[PDB]
Amino acid sequence: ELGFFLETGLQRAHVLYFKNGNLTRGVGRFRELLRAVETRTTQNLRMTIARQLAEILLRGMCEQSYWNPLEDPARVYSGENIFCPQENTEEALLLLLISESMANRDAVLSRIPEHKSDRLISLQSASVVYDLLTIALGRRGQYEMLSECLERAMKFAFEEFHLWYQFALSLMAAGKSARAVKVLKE
Amino acid sequence: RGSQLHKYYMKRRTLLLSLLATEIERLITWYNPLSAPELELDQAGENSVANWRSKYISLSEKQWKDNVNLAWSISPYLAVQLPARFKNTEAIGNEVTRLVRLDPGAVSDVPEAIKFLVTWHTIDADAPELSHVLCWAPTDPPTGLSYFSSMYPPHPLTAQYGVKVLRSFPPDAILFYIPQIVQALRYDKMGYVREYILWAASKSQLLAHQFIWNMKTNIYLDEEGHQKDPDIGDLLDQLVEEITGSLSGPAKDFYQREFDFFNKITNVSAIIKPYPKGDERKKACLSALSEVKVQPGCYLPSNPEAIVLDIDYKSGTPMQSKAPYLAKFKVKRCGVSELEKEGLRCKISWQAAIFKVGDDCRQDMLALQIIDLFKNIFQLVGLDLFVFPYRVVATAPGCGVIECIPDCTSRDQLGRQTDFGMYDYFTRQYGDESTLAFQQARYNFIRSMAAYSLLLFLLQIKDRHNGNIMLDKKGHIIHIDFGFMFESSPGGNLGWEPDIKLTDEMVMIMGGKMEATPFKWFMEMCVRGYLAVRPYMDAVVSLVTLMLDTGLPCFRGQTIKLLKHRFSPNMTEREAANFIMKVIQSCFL
């Protein structure tokens, strides 16, 4: 129940690659890591590797330098009914969606009885994942989905200016008015 | 295409006719409570209205849900206000709930529409979607507190809304609703209530004093106190240690002075017990009372809206009983905010205080809250009923402070002095029945008696003998000693005592015959009061539900089911009037 050597011996090798500039090998390693069968003990590691892949996959390459995971530049999930990634946006959005779906479960519900570290960490993770989602979705101009996703994350917000302001500004773009007016008043 | 407009007008004509018939029936029901065959109106119109009611009362489940769709197409407000005009069918509620779930943004009137959306499922606790309650206007505090009770499973959004609604009221209302707030901590698997309590105590000043005084008593379970509850006792200890010490400066000095003065004035009862009955106990009590000095800035706990001036050092008089004594005070009435601001810098009458040791003072507090709410309802509606809500505050396990009504006159003492009926007493006191003062005294007696009988029937209060009724100088009657209620019944639940106590002398006061005009006045006043008090069931149910876990002997499990039944929430006005008239006369001889 103690993962101690896999994470080090694998991540630090492609960390050295990043220090040297071997981006393709690291991307392949991340892909073969994520395409493997899920492990319940390493769900947090899956979260971390997915976030690290999503952070770099939007600001480190170009359109013509993209390749599908099924070709070169134990058990593995396969089949013909699966959704094969096509472009960077599709797989990035899928990774962000699954990360958000799993990260809602592990929320500490903003307990604040006497301790605050866990809630602060959870809030930071939620903020960064939703920021990545909104910056990914903004460039294509699908504002209704963005508004719905922001409305989904309103459970955490109690005394936060940033989330309320982002939701209010997203509401106006879609077209709705009355809810936008009320959130603006708040 | 004339058919479209034809049906378009016919449907609305039918709906308007139904609504007008219902309104006319309600108004004519309110006109005269009794049948009153002497009074009469046009016959053909009444017959037509009755025929239309009989015709439209036979509709099935269909052709009635469609009416809700038409009403919604007309205006959402009319559709929302539809179940208020009671229809004996549950399909209307389901259809309204479905429609409001499909579009919640069309309605923003909180007092009624909020309950059609909040409870997605009563106890199922599923489907957490589309619930955006962060825009509704504030509602009454009783509705907000309902989300922390056993009625609804916990949820972050409901708790957040309940916290939001409570933070938009003046401090006096929160002071009035103090006892229910602390009990919410038991079912508070969350902790928003704790943060709210800390913020409120930091903001106001008297609220902190009320909180500490209330919470100091509730840590234990027994009257004397030797067993802390295993549920929230440690949390209460942590809270009481946290809140104190945080305050500093003039507020700390004022709190210290008030608590020191109260302790000095309280230890006398403990000191005086070892001395037996006699003049020695009285003189020792007088000396102990003279020992204490008057400290400016203090205030009585039972009346936080007045400032004490001095102490009468000769009013000490212990009563029979445990060493409870009595004292008198000279007080000045200023207010609340002025008192609060004057307590950090340094119209006069007399008051009497009664202290008790070793007795519980919570059921009386709940009864007083209910009585005050009923008095507010009666004053708002515009009727003429009289009730006297004497204040009472508990401050220690088994110890509390109870106010005394001015010019106390016990019925038992008067009966011992006279050993005759009250009719002779009030004939001697005021004069013959033909004088002017006798009529006013009788009118005040009717005013008090009707309201008190209605309250006694409604709350199911037992153990009402001649030694508890109180008579004032004007002629009103006031009840006291509400220890037994709901289910508790001295004697072994024998039950031969009637719901309303009606002896022969009190009947003879109002003429002694059921056909007398004052008797009709009393009957119509009772019927009108019962009709007026009905539409406030939810607040009473919410207030009484939250105090079940305290483990008082009165509660036994089936209180809510029986209490909700006595309001008859599925009957029309005329049927309810007939029911109350039948139940009133059943207790007469």
# chains A, B, ... in the order shown; residues from 1 in each chain; ligands from 1

$ select_by_dssp --residues "range 85-170 of chain A" --states "alpha helix (DSSP H)" --output "VMD selection string"
chain A and resid 88 to 105 117 to 138 143 to 152 161 to 170

$ residues_around --residues "residue 250 in chain B" --least-positions-apart "3" --cutoff "9 Å" --atoms "only C-alpha atoms" --output "VMD selection string"
chain B and resid 247 253 to 255 343 to 345

$ atom_distance --atom1 "CA of residue 294 in chain B" --atom2 "CA of residue 330 in chain B"
11.1 Å

$ closest_residue --among "B:22, B:48, B:131, B:73" --to "chain A" --atoms "only C-alpha atoms"
B:131

$ interface_residues --of "chain A" --to "chain B" --cutoff "10 Å" --atoms "only C-alpha atoms" --output "PyMOL selection string"
chain A and resi 109-113+151-152+154-158+178-179+182-183+186

$ closest_atom_pairs --of "range 113-186 of chain A" --to "range 43-50 of chain A" --cutoff "12 Å" --atoms "only C-alpha atoms" --output "CSV"
residue,atom,partner,partner_atom,distance
A:125,CA,A:48,CA,10.2
A:126,CA,A:47,CA,11.9
A:129,CA,A:47,CA,10.5
A:132,CA,A:50,CA,12.0

$ residues_around --residues "residue 28 in chain B" --least-positions-apart "2" --cutoff "12 Å" --atoms "only C-alpha atoms" --output "number ranges by chain"
B: 21-26, 30-36, 39-42, 46, 49, 573-574

$ atom_distance --atom1 "CA of residue 259 in chain B" --atom2 "CA of residue 365 in chain B"
22.3 Å

$ residues_around --residues "range 551-564 of chain B" --least-positions-apart "5" --cutoff "7 Å" --atoms "only C-alpha atoms" --output "list in words"
residues 485, 486, 487 and 488 of chain B

$ residues_around --residues "residue 587 in chain B" --least-positions-apart "4" --cutoff "12 Å" --atoms "only C-alpha atoms" --output "number ranges by chain"
B: 453, 457, 496-503, 580-583

$ select_by_dssp --residues "range 296-451 of chain B" --states "strand (DSSP E)" --output "PyMOL selection string"
chain B and resi 306-311+326-333+348-357+392-396+399-403

$ atom_distance --atom1 "CA of residue 306 in chain B" --atom2 "CA of residue 350 in chain B"
11.3 Å

$ closest_residue --among "B:412, B:359, B:432, B:342" --to "residue 321 in chain B" --atoms "only C-alpha atoms"
B:359

$ residues_around --residues "range 464-474 of chain B" --least-positions-apart "4" --cutoff "8 Å" --atoms "only C-alpha atoms" --output "list in words"
residues 407, 408, 409, 410, 411, 412, 441, 444, 478, 479, 480, 481 and 501 of chain B

$ residues_around --residues "residue 72 in chain A" --least-positions-apart "6" --cutoff "12 Å" --atoms "only C-alpha atoms" --output "PyMOL selection string"
chain A and resi 24-25+27-28+31-32+66
